[PDB]
Amino acid sequence: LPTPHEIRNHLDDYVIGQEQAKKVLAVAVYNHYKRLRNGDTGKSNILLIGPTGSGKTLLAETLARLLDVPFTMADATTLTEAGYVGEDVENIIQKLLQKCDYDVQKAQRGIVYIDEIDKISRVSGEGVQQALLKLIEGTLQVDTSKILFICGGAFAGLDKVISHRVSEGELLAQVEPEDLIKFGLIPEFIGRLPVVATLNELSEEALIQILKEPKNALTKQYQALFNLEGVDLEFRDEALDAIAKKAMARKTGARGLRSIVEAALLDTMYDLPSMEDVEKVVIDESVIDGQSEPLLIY
Amino acid sequence: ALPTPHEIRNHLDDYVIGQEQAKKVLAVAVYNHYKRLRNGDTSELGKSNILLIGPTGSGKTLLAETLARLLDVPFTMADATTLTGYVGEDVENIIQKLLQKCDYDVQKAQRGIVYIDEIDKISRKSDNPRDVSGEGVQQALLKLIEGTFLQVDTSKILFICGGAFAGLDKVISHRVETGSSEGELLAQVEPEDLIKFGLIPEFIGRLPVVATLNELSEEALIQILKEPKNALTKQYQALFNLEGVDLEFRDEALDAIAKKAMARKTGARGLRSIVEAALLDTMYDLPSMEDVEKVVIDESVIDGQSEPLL
Amino acid sequence: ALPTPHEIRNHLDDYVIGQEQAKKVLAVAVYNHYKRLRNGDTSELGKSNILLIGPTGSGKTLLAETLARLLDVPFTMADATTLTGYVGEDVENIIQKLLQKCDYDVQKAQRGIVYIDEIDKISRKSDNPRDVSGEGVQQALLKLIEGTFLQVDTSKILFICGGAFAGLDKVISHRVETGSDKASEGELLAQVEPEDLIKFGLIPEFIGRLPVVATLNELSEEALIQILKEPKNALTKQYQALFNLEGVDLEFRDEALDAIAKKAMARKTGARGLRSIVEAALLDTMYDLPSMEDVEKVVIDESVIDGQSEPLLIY
Amino acid sequence: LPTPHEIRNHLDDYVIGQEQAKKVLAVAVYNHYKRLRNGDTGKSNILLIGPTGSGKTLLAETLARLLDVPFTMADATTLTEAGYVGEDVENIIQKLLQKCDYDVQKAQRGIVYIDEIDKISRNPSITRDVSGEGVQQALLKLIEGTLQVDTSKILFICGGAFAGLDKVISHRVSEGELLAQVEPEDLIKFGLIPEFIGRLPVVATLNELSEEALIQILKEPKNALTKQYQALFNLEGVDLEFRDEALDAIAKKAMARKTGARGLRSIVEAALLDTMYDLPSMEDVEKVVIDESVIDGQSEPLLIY
Amino acid sequence: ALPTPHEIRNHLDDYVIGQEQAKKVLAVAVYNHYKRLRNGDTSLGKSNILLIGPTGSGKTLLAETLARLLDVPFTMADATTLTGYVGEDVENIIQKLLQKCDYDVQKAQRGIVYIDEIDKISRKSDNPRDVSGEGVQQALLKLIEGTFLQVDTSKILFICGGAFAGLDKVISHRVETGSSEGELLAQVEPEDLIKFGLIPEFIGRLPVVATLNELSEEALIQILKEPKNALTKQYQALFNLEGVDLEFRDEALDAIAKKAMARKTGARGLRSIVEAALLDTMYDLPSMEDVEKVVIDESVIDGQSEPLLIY
Amino acid sequence: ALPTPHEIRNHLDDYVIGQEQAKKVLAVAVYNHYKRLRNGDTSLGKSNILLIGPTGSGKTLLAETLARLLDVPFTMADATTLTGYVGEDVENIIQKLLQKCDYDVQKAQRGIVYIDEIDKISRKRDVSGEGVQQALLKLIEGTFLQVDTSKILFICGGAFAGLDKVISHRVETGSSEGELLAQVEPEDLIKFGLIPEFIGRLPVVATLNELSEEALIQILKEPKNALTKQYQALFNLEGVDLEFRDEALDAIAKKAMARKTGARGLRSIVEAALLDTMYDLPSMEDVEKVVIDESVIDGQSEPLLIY
């Protein structure tokens, strides 16, 4: 079992900065699996509070991979309706099992990430907290008490509440279950999330990492898109850096990256299904200046 | 069988005059959107939601409507002004209405297109000074953009938000400036510019595709009267045609109509009302006559005194 | 054999006084509408739906009704106010009723004309402040305008939506104005534009379904008088007929007729308020008429305006 | 032919007050039969708008009798279903003929009263009962002329309370003065189709209730309070007798409280409560209610053994 | 086989203390109501009731007891929760009645519905929303008459209760002449409710009017003893399944009554008092081994001394 | 076999610090409630409870502990989220109770329901708040789950900030908070904002003492699941002994007060103080770690490490 040191060390190679949060997660994760090992003798669940594109999703995946443990994501926005009939919640446990080959144990060790938790707080989101709480609370048959839950969120209005209860970065550090309660989260749900981590920083080296690292990264998306056409899309590292610069110069952020990449591939994607070639290559000149069109290989 | 973005733009040229760039943008945005829907499969993909930015009476609404028709897809219009708590339950009204025109079919509703007008109006900023309620809508409608007793998911449906953004031109200039036309500036538009304008970051990040329209030229109006497959001249020539009469519009008359429209600042929206009044007397005594063709000159339009040639 | 707009308007002149422009518009709109139906063939064609805009008691309803009669076509009236979810299934009620009067005939129902009154009432706006329900009707009835177990299609049927639009005059002015006002209100309703109806409370998609826009002008004091005399079924002629089968001659002094017109204008009911005025003025007379044995009754100004002095009785 | 003076004059002996409505009806009726006489050369139909127990029904009957003209009533509520098969409407024309000895002319002069019109105007929830909006049509097919008899000649009088009408008219811009300003528009917005209202040119109004009617409502109707209570007491084997003076006292009580027709029951009940309470405990032939048991409640009803 | 008004009142005497007149009234109203339903035939009285009495007089109890005594589905509702969308919440009273009714339409027709705080929705200058309140009087009015349950509310009996604090004043202003409280609630007339805030058409739907008299201070003691489910009987039963006999001295019962009156909570405040007085006893009760516990005045009023313990 | 009030209170002393009187009260109320349920028979007390104490006094904890001590389904709700459509959201409390109850109707009847911030809905929007007092009042009595809420025990908590003032204005004669909350009467809650019929449904009234800094220390040590014991256990399965110096424990309590988070803020403080230590713990090889004041308050110095 990896030490909290080893864990954080493997977290630095995937996400730049956030030293404090990487500590909290390391200990939270370590203790969790340290409690599962050697038997019980039980909730070290985590609450990631960081802006969108802070690396929340990326961190979760990394933790799962470095532990060689089944992982699965879920959106509080999609779980809102909880399905017209039944519980859309039990669905993610089935996905975790599918990625697990249906091995009850391997699944109980699994990690689950629920994004946009700050969204549900006021199907009514207040009822979603309960549907998601029925999950966290242990129920072919699998108890969820053993699986580690990580709930990510931006919590836009949280900084205000905490600043009232008595800049933004230092404020979030003083977060307390009370703040989350007054935010919209029920006391019962917060009680299931003892651990609370925070993220407050983004870098160019981070933007470039977000562009390729995440299993759900822009580059991977567009590549899949171009791939449907039978075309291979190649992003020169220089192009990725140029993209990062553009994003910074416009102080857009992580969500701002897509608008840049799209504007660089727009024309290409426009008149591509009308021609036949093996692959296309994006150079930094196609991005930073948009002077030249992407390379075409037939 | 989906139409290539080439084909989409081609048909858009039939209902819309100018805005070639905006039409190229929409052509791709649309193609990719439904291309994604038809071949949907786990792993990431863009929302492909659009943000129309152009002067009043430029063709923002028309483009949206035409797009729907060209794709035989349910279409519904909404105004962001009518939205700015109980309206949070009125935002889903946009959905039930889409279902209404969708034969109450959930899947075809997912194909639907929704156009929100006057988005720039709900922007909370010092310019043109309620802010709290307005932002509440940006975030409430924001929940829709993502996608959540219809049971329909708004993730599948394409969102097209239009707005004139009168002040956007000024802020973009204050940014692009260096040391010491509008269309050229609306091209340098960036998310941070919309930020300072009044739109929240999380909302803008949901509208990746940004199309920009150029104000219709005086000359363009004339094209609007002729070129479009449903051009006024073509509509009235058809009317006069099932009467056994040929209707001829002299270029001097068409330009005359365009000028009348500009003096009224009604753009293309004021075209019909002008043409109607000019052919009003003619159509009254048309079925009572027995001639070959009627010719509309300038004197019939501008002066509105002389009668059309018979 | 369809009647030319000339013939249509000519006959409208027999049942309606004034509104010559509106009548020319309707004449053309109507002619084209049925001209399109009879020679219907694939390829574009205007819906030709109409939007009547005039003061109360100007003749909006009368025009619609007369149009139907002049074209021997089924006609049904509806009020947009009674409409403002379950009413969505009450909008189709307008159809079943049209079928009722149509001998239940689907094709002749397609020929039918539907007049919706008080459309300006359902407009959602800050002026005269439910909005959500009202707009819902604008859009619900909007589905009809386009055209969709009668099996009838409402695409064929002509829609005539009337309204007074009390505030429309103000907004149009706030637009047409230049620098620092037009002579007559009717002069403004002429400069009317779809965008003016937009700001008023009507949704764009709805207005776009009413291409033809007709505007009525308030009847003049003298015009009201003509309505009391000239028409074949003029009030005076109707009451003279009533008094006639009593063996009595009814005379309306011009001072009395103008008196009635003025009473009507003060009530802003236009011609619609004419009868109610005449009735009240002849109420007492008609009550003790059959008990008498005189030659003729003469209505002076003092009987109408005053409403106190009794009509002259000539034995 | 009776003059409007003579007509209203004969209406004062059957109904107290309502001078305005008696005028309107006098002229409406007179003109109607004056148009039938001497031939045509045609709709003077009336719409009675008054509270239940205002005397609407009484006025109609009175008008028919004073003219010696066949008369027949009908309930919009009963005509709702319009019969499972056929038209329950044509039925009332047959009744008018039966009371007429089947003389086509005498029948065409006849008067017909349709009560509870305000009821037919409109979630249907797949209800078996026929829609009132459709009833307006079935009833309109009637008003509009059709062994064979044309209805165009018979005078139709439609009575109703129109509870919600006063609101509509107060919005369009107390209750007594409001109803006077009634207009076909108000009735349209109420629920009545324009085509139906167009057949009812004349509109009369009643603001006060009538004791002469209250007393009549107490006994005349087939479901009158007296008849019902008698059936109740009858189950006990007891005969209930309502003294005429008692019925009048009851009417007074109702008027003094401005309750209305529906208010009568609360009065009668309060007068028979004790009796009905301790009646199944004793055995007697009949009970009799005097005006003293009602107007004062001083003494208990009489018991006959 | 329906019970005579005599039998109905007799059983009401078992669950309810006092209110003999109101119970006579309800006895007839009820009997007649169901007598009409069972032998229903064309060519009758709604027989709907209007309860008028002070708070904690027995208005609710009477209604509930009536239902039980007739094995008929019963549902409670409040006019305050009602005062457009609530128009569709009025039919909620029906679906709930059907719920407790095994979803049987006919049994639902037999059901009894009690609406509390009717005097609250009355639109008047006294205690000054009016438009919404009146809207409910008329909305619920539609129910009283009777109209996807498919059930008709004509069959179901409606019992509307209320304290009518101001009603006493107006009745006085009318009955006055020249220059107990229950004596005035007896002279109550429909026109008095009119001036109070109720609409004529609504009042005309409640022909039966019952009036309750505020329970006497002395009656409180009876309430603690006589009722079949009297507090003393409830706690004696509790102490009984512990092998202990619980004795309430009369000095203690009167003491409790007085405590309740000083708190102006009437009978509603009885339980809270008794509980507090027996709290410590019940705590260390299962840990003892005595014969009986005797509650004296000192244990209640003083609340200092402990109850007597007989080994 | 039901536990005597003595046994119930004894176990409560393990999870809760202080509040001995309230625990005696709850011990009796609880015992009687289920004593009534198990031996239920015609011809009894509702036994519903009303917790009144300052914020973070242990109102919620007591409720939760009671449930655990009786292996009975437990669900929490907030009266604030309640204050027409919420009338159908009141039954939501029930369906949730059923959720945790394995969807068993009978065991749901055994369930315990805690409503927090009851003093908040007291009408002294007002119309809506009262509507809830009454809507929830229908529950207290007991009515497609088919479950009857008569059987389930209701525990309503509240701080009642103003209640102290009104009680004083009454108990006064002529010319501590705990001493006054003892003299609490239903009429005092009446004037506060609660309706008579609602209060009459909460016969059992428990009162909690104001939070004391000194007690916080006991909360860190005494409880069977005390933070120190939890962390010592964590450090124990690492082969390390965790020692909390009294100067360190008092330090944590003071930190908690300055933040006015009472006991709820204890963990967050301890975590942050042991964060770095737990991070580089499994990478060391020492005998025990000693937490002094300097590690907590200053938060600068590291904990003592004895090899």
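Since chain C takes its numbers from Swiss-Prot, the residues it shows come out as 63-105, 109-149, 152-196, 200-218, 235-266, 279-413.
A Cβ is built for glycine as well, from the same backbone N, Cα and C atoms used for every other residue.
These come from Swiss-Prot:
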- C:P120, C:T121, C:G122, C:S123, C:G124, C:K125, C:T126, C:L127: ATP binding site (BINDING)
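Distance between the Cα atoms of C:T218 and C:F235, which bracket 16 unmodelled residues, is 12 Å. C:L127 (ATP binding site) falls within a helical segment according to DSSP. Secondary structure at C:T121 (ATP binding site), as computed by DSSP, is coil. The most crowded of the binding-site residues listed here (C:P120, C:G122, C:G124) is C:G124, judged by how many other CB atoms sit within 10 Å of its own CB. Note on C:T121 (ATP binding site): other Cβ atoms within 10 Å of its Cβ, all shown chains, come to 16. For the binding-site residues C:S123, C:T126, the largest tally of other C-beta atoms within 10 A is found at C:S123. Excluding the listed site residues C:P120, C:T121, C:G122, C:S123, C:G124, C:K125, C:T126, C:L127, the same chain places C:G119, C:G248, C:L314, C:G368, C:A369, C:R370 with Cβ atoms within 8 Å of the centre of the ATP site Cβ atoms. Straight-line distance between the Cα atoms of C:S105 and C:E109 is 4 Å, even though 3 residues between them have no modelled coordinates. Across the unmodelled segment of 12 residues, the C-alpha atoms of C:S266 and C:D279 are separated by 8 Å.
Using a 10 Å Cβ-Cβ cutoff, C:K125 (ATP binding site) registers 26 neighbours. Measuring straight across the break, from C:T149 to C:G152 at the CA atoms, gives 9 Å, with 2 residues left unbuilt in between. 3 residues between C:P196 and C:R200 have no modelled coordinates; the flanking Cα atoms are 8 Å apart.
The Cβ neighbour count for C:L127 (ATP binding site), using a 10 Å radius and every protein chain shown, is 17.
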